[PDB]
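**Student:** Coordinates in entry04.txt, compact mmCIF, N, CA and C atoms, are listed below.
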```txt
# COMPACT_ATOMS: atom_id res chain seq x y z
N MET A 1 164.12 167.28 190.66
CA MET A 1 162.84 166.75 191.16
C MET A 1 162.34 165.71 190.18
N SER A 2 161.08 165.28 190.30
CA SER A 2 160.45 164.39 189.34
C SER A 2 161.32 163.16 189.08
N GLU A 3 161.23 162.59 187.88
CA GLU A 3 161.93 161.35 187.60
C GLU A 3 163.44 161.53 187.51
N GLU A 4 163.97 162.75 187.35
CA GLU A 4 165.41 162.93 187.43
C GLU A 4 165.91 162.60 188.83
N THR A 5 165.49 163.36 189.84
CA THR A 5 165.99 163.15 191.19
C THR A 5 165.52 161.81 191.74
N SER A 6 164.27 161.44 191.47
CA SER A 6 163.76 160.15 191.92
C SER A 6 164.66 159.05 191.38
N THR A 7 164.96 159.06 190.08
CA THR A 7 165.80 158.06 189.45
C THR A 7 167.25 158.15 189.92
N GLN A 8 167.79 159.34 190.19
CA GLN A 8 169.13 159.46 190.76
C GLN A 8 169.21 158.61 192.01
N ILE A 9 168.20 158.79 192.85
CA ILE A 9 168.17 158.17 194.15
C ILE A 9 167.96 156.68 193.95
N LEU A 10 167.12 156.32 192.98
CA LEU A 10 166.77 154.95 192.69
C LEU A 10 168.02 154.14 192.35
N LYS A 11 168.86 154.69 191.46
CA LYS A 11 170.16 154.11 191.17
C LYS A 11 170.97 154.02 192.45
N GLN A 12 170.99 155.11 193.22
CA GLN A 12 171.85 155.25 194.38
C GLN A 12 171.47 154.24 195.48
N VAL A 13 170.19 153.89 195.58
CA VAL A 13 169.66 152.97 196.56
C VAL A 13 170.13 151.58 196.17
N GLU A 14 169.85 151.16 194.94
CA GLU A 14 170.27 149.84 194.49
C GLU A 14 171.79 149.72 194.50
N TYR A 15 172.50 150.83 194.28
CA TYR A 15 173.94 150.87 194.17
C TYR A 15 174.57 150.31 195.44
N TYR A 16 174.07 150.70 196.62
CA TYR A 16 174.61 150.17 197.87
C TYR A 16 174.54 148.63 197.94
N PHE A 17 173.56 148.01 197.30
CA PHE A 17 173.48 146.56 197.21
C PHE A 17 174.36 146.03 196.09
N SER A 18 174.46 146.78 195.00
CA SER A 18 175.07 146.38 193.74
C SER A 18 176.58 146.42 193.80
N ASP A 19 177.13 147.26 194.67
CA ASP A 19 178.55 147.50 194.81
C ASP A 19 179.13 146.50 195.81
N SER A 20 178.51 145.31 195.87
CA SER A 20 178.64 144.30 196.91
C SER A 20 178.83 144.89 198.31
N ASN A 21 178.24 146.06 198.58
CA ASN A 21 178.60 146.78 199.79
C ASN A 21 177.68 146.40 200.95
N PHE A 22 176.52 145.77 200.72
CA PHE A 22 175.68 145.31 201.82
C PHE A 22 176.44 144.35 202.73
N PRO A 23 177.04 143.26 202.23
CA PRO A 23 177.65 142.30 203.13
C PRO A 23 178.81 142.90 203.93
N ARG A 24 179.42 143.97 203.41
CA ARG A 24 180.53 144.66 204.04
C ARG A 24 180.03 145.60 205.14
N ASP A 25 179.10 146.49 204.80
CA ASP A 25 178.69 147.57 205.67
C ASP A 25 177.69 147.03 206.66
N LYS A 26 178.14 146.75 207.88
CA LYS A 26 177.25 146.19 208.89
C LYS A 26 176.10 147.13 209.26
N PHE A 27 176.13 148.40 208.83
CA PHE A 27 174.97 149.28 208.86
C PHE A 27 173.82 148.66 208.07
N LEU A 28 174.08 148.33 206.79
CA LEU A 28 173.10 147.63 205.97
C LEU A 28 172.77 146.31 206.64
N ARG A 29 173.81 145.53 206.90
CA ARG A 29 173.70 144.14 207.29
C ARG A 29 172.92 143.96 208.59
N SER A 30 172.98 144.92 209.52
CA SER A 30 172.21 144.86 210.75
C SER A 30 170.72 144.82 210.42
N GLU A 31 170.33 145.63 209.44
CA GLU A 31 168.94 145.72 209.07
C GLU A 31 168.55 144.47 208.28
N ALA A 32 169.38 144.11 207.30
CA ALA A 32 169.17 142.94 206.47
C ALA A 32 168.99 141.68 207.33
N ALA A 33 169.72 141.60 208.44
CA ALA A 33 169.73 140.48 209.37
C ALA A 33 168.37 140.20 210.02
N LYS A 34 167.33 141.01 209.76
CA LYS A 34 166.01 140.75 210.29
C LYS A 34 165.33 139.70 209.40
N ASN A 35 165.68 139.62 208.12
CA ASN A 35 165.16 138.58 207.24
C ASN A 35 166.07 138.37 206.05
N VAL A 36 167.32 137.97 206.30
CA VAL A 36 168.34 137.73 205.29
C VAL A 36 168.72 139.03 204.58
N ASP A 37 167.86 139.55 203.70
CA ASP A 37 167.97 140.85 203.04
C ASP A 37 166.60 141.27 202.50
N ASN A 38 165.53 140.90 203.23
CA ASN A 38 164.15 141.20 202.87
C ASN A 38 163.55 142.28 203.76
N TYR A 39 164.27 142.71 204.79
CA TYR A 39 163.79 143.66 205.78
C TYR A 39 164.84 144.75 205.86
N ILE A 40 164.49 145.95 205.41
CA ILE A 40 165.39 147.09 205.37
C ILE A 40 164.54 148.30 205.73
N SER A 41 164.56 148.78 206.98
CA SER A 41 163.72 149.91 207.33
C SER A 41 164.17 151.16 206.58
N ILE A 42 163.20 151.98 206.19
CA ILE A 42 163.50 153.29 205.64
C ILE A 42 164.19 154.20 206.65
N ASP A 43 164.28 153.82 207.93
CA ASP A 43 165.09 154.56 208.88
C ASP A 43 166.56 154.48 208.46
N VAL A 44 167.04 153.29 208.11
CA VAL A 44 168.41 153.06 207.69
C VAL A 44 168.65 153.79 206.37
N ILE A 45 167.72 153.64 205.42
CA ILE A 45 167.89 154.16 204.07
C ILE A 45 167.79 155.68 204.07
N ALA A 46 166.94 156.25 204.92
CA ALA A 46 166.91 157.68 205.14
C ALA A 46 168.22 158.10 205.82
N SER A 47 168.70 157.28 206.75
CA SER A 47 169.89 157.59 207.53
C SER A 47 171.18 157.20 206.79
N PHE A 48 171.11 156.83 205.50
CA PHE A 48 172.29 156.47 204.71
C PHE A 48 173.23 157.65 204.41
N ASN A 49 172.99 158.83 204.99
CA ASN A 49 173.71 160.07 204.77
C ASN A 49 173.58 160.53 203.32
N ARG A 50 174.33 159.92 202.39
CA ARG A 50 174.31 160.21 200.96
C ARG A 50 172.89 160.24 200.42
N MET A 51 172.06 159.30 200.85
CA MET A 51 170.68 159.22 200.42
C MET A 51 169.91 160.42 200.96
N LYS A 52 170.10 160.75 202.24
CA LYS A 52 169.44 161.89 202.84
C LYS A 52 169.78 163.17 202.08
N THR A 53 171.03 163.32 201.65
CA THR A 53 171.46 164.52 200.96
C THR A 53 170.84 164.56 199.56
N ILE A 54 170.93 163.47 198.80
CA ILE A 54 170.44 163.49 197.42
C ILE A 54 168.92 163.71 197.43
N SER A 55 168.23 163.16 198.44
CA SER A 55 166.78 163.31 198.56
C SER A 55 166.40 164.67 199.09
N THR A 56 167.14 165.15 200.08
CA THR A 56 166.80 166.31 200.89
C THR A 56 165.50 166.14 201.71
N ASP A 57 164.60 165.21 201.37
CA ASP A 57 163.32 165.01 202.01
C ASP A 57 163.01 163.51 201.97
N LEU A 58 162.48 162.97 203.06
CA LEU A 58 162.04 161.58 203.18
C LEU A 58 160.93 161.26 202.18
N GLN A 59 160.23 162.26 201.67
CA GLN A 59 159.21 162.12 200.64
C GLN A 59 159.85 161.50 199.41
N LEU A 60 160.95 162.09 198.93
CA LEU A 60 161.66 161.59 197.76
C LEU A 60 162.25 160.21 198.05
N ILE A 61 162.69 159.96 199.29
CA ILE A 61 163.24 158.64 199.60
C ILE A 61 162.12 157.60 199.55
N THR A 62 160.92 157.99 199.99
CA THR A 62 159.79 157.08 200.05
C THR A 62 159.30 156.80 198.63
N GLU A 63 159.24 157.82 197.77
CA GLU A 63 158.82 157.60 196.39
C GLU A 63 159.84 156.73 195.69
N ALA A 64 161.13 156.99 195.92
CA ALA A 64 162.17 156.23 195.25
C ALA A 64 161.97 154.74 195.52
N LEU A 65 161.72 154.39 196.78
CA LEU A 65 161.45 153.01 197.15
C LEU A 65 160.16 152.52 196.51
N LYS A 66 159.13 153.36 196.45
CA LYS A 66 157.87 152.96 195.82
C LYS A 66 158.08 152.64 194.33
N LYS A 67 159.06 153.28 193.68
CA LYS A 67 159.38 153.04 192.28
C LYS A 67 160.62 152.14 192.12
N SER A 68 160.99 151.34 193.12
CA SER A 68 162.27 150.63 193.11
C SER A 68 162.51 149.81 191.83
N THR A 69 163.78 149.78 191.39
CA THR A 69 164.21 149.20 190.13
C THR A 69 164.45 147.71 190.33
N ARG A 70 165.46 147.33 191.12
CA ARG A 70 165.71 145.92 191.45
C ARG A 70 165.45 145.61 192.91
N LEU A 71 164.72 146.48 193.59
CA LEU A 71 164.19 146.18 194.89
C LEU A 71 162.68 146.32 194.80
N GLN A 72 161.96 145.82 195.79
CA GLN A 72 160.52 145.94 195.90
C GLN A 72 160.23 146.35 197.33
N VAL A 73 159.57 147.48 197.51
CA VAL A 73 159.20 147.96 198.83
C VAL A 73 157.85 147.34 199.16
N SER A 74 157.68 146.93 200.41
CA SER A 74 156.39 146.51 200.91
C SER A 74 155.43 147.68 200.89
N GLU A 75 154.14 147.37 200.97
CA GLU A 75 153.08 148.35 201.09
C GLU A 75 153.24 149.17 202.37
N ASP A 76 153.96 148.63 203.37
CA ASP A 76 154.18 149.34 204.62
C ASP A 76 155.21 150.46 204.43
N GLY A 77 156.02 150.38 203.37
CA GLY A 77 157.08 151.37 203.13
C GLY A 77 158.10 151.39 204.26
N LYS A 78 158.27 150.26 204.94
CA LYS A 78 159.28 150.07 205.98
C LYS A 78 160.04 148.77 205.77
N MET A 79 159.85 148.11 204.62
CA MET A 79 160.82 147.13 204.18
C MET A 79 160.95 147.24 202.69
N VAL A 80 162.08 146.78 202.18
CA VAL A 80 162.31 146.60 200.77
C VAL A 80 163.18 145.36 200.65
N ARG A 81 163.02 144.58 199.58
CA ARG A 81 163.90 143.43 199.35
C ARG A 81 164.51 143.55 197.97
N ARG A 82 165.75 143.10 197.80
CA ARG A 82 166.42 143.14 196.51
C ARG A 82 166.26 141.80 195.81
N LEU A 83 166.91 141.62 194.66
CA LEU A 83 166.72 140.43 193.85
C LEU A 83 167.64 139.32 194.34
N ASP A 84 167.23 138.07 194.15
CA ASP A 84 168.10 136.91 194.31
C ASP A 84 169.36 137.05 193.46
N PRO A 85 169.26 137.11 192.12
CA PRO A 85 170.44 137.24 191.27
C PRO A 85 171.16 138.55 191.56
N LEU A 86 172.50 138.51 191.50
CA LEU A 86 173.31 139.70 191.67
C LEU A 86 172.99 140.70 190.55
N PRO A 87 173.06 142.01 190.84
CA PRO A 87 172.92 143.02 189.82
C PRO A 87 174.18 143.03 188.95
N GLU A 88 174.03 143.36 187.67
CA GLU A 88 175.13 143.42 186.72
C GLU A 88 174.97 144.72 185.94
N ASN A 89 175.75 145.75 186.29
CA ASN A 89 175.71 147.08 185.67
C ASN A 89 174.31 147.63 185.57
N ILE A 90 173.56 147.54 186.66
CA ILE A 90 172.20 148.01 186.62
C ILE A 90 172.19 149.49 186.94
N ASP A 91 171.28 150.18 186.28
CA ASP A 91 170.93 151.57 186.45
C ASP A 91 169.46 151.64 186.02
```
Mind turning the file's structure into C-alpha cells?
**Tutor:**
Amino acid sequence: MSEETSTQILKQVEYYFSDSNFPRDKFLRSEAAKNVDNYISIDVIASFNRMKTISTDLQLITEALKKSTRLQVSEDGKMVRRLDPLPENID
C-alpha cells in the first residue's frame, strides 16, 4: 500500500510508454490516437490487466496517475500525457 504499491504502479504505468511499447500495442495507440499521446482514458489503464492486478483497486490506479512521474494526469483523471523526450532508464 502507500508509496510502495503506488510507486510500483507508477513505474509500471510509465513502463508501458518507456519500453517503446505504446507505438506497438494498438491497445495503447487506439487511446493515444485521440490526441497523439495526450489522451489516455483510465478505462484503458485500469483495463491494462497487469495494472489492474498490481493495483487491485481503481483507487490505487487513480492515485498513481495523480502522482505520475513522467506523465501528467488531467484534473479530470481521464487523461494523462507523457513527456516529449523519450524516457531513459526512468523509475
**Student:** Using DSSP on the backbone, list every residue of chain A that comes out as helix (DSSP H, G or I), and give them as a PyMOL selection string.
**Tutor:** chain A and resi 2-18+26-32+42-46+50-55+58-66
**Student:** According to DSSP computed on the backbone, where in chain A is there strand (DSSP E)? Give the residues as a ChimeraX atom specification.
**Tutor:** /A:71-73,80-82
**Student:** So that I can check the surroundings of residue 64 of chain A, please list as an NGL selection string every protein, DNA and RNA residue that reaches within 6.5 Å of it, counting all atoms listed in the file and ignoring chain neighbours fewer than 5 positions away.
**Tutor:** :A and (6 or 9-10 or 59)
**Student:** What is the distance, in Å and to one decimal place, between atom CA of residue 14 of chain A and atom CA of residue 68 of chain A?
**Tutor:** 8.2 Å
**Student:** Pick the closest to residue 89 of chain A from A:39, A:27, A:22, A:17: which is it, counting only C-alpha atoms?
**Tutor:**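 The shortest atom-to-atom distance to residue 89 of chain A comes from A:17.
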**Student:** Select, from A:51, A:40, A:60, A:73, the residue with the minimum atom-to-atom distance to residue 15 of chain A, counting only C-alpha atoms.
**Tutor:**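 Among the listed residues, the smallest separation from residue 15 of chain A belongs to A:51.
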**Student:** Any idea what the distance is between atom CA of residue 3 of chain A and atom CA of residue 84 of chain A?
**Tutor:**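 These atoms are spaced 26.1 Å apart.
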**Student:** Rank A:11, A:74, A:18, A:80 by their smallest atom-to-atom distance to residue 41 of chain A, using only N, CA and C atoms, and report the top residue only.
**Tutor:**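 The shortest atom-to-atom distance to residue 41 of chain A comes from A:80.
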**Student:** Which residues are near residue 28 of chain A? Cut-off 12 Å, only C-alpha atoms, ignore same chain within fewer than 2 positions. Put them as JSON, numbers by chain.
**Tutor:** {"A": [13, 16, 17, 20, 21, 22, 23, 24, 25, 26, 30, 31, 32, 33, 34, 36, 37, 38, 39, 40, 41, 42, 43, 44, 45, 46, 47, 48]}
**Student:** By how many Å are atom N of residue 35 of chain A and atom CA of residue 79 of chain A apart?
**Tutor:**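 Separation of atom N of residue 35 of chain A and atom CA of residue 79 of chain A: 9.8 Å.
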**Student:** When you count only C-alpha atoms, which of these residues is closest to residue 91 of chain A: A:7, A:19, A:66, A:61?
**Tutor:**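 The closest residue to residue 91 of chain A is A:7.
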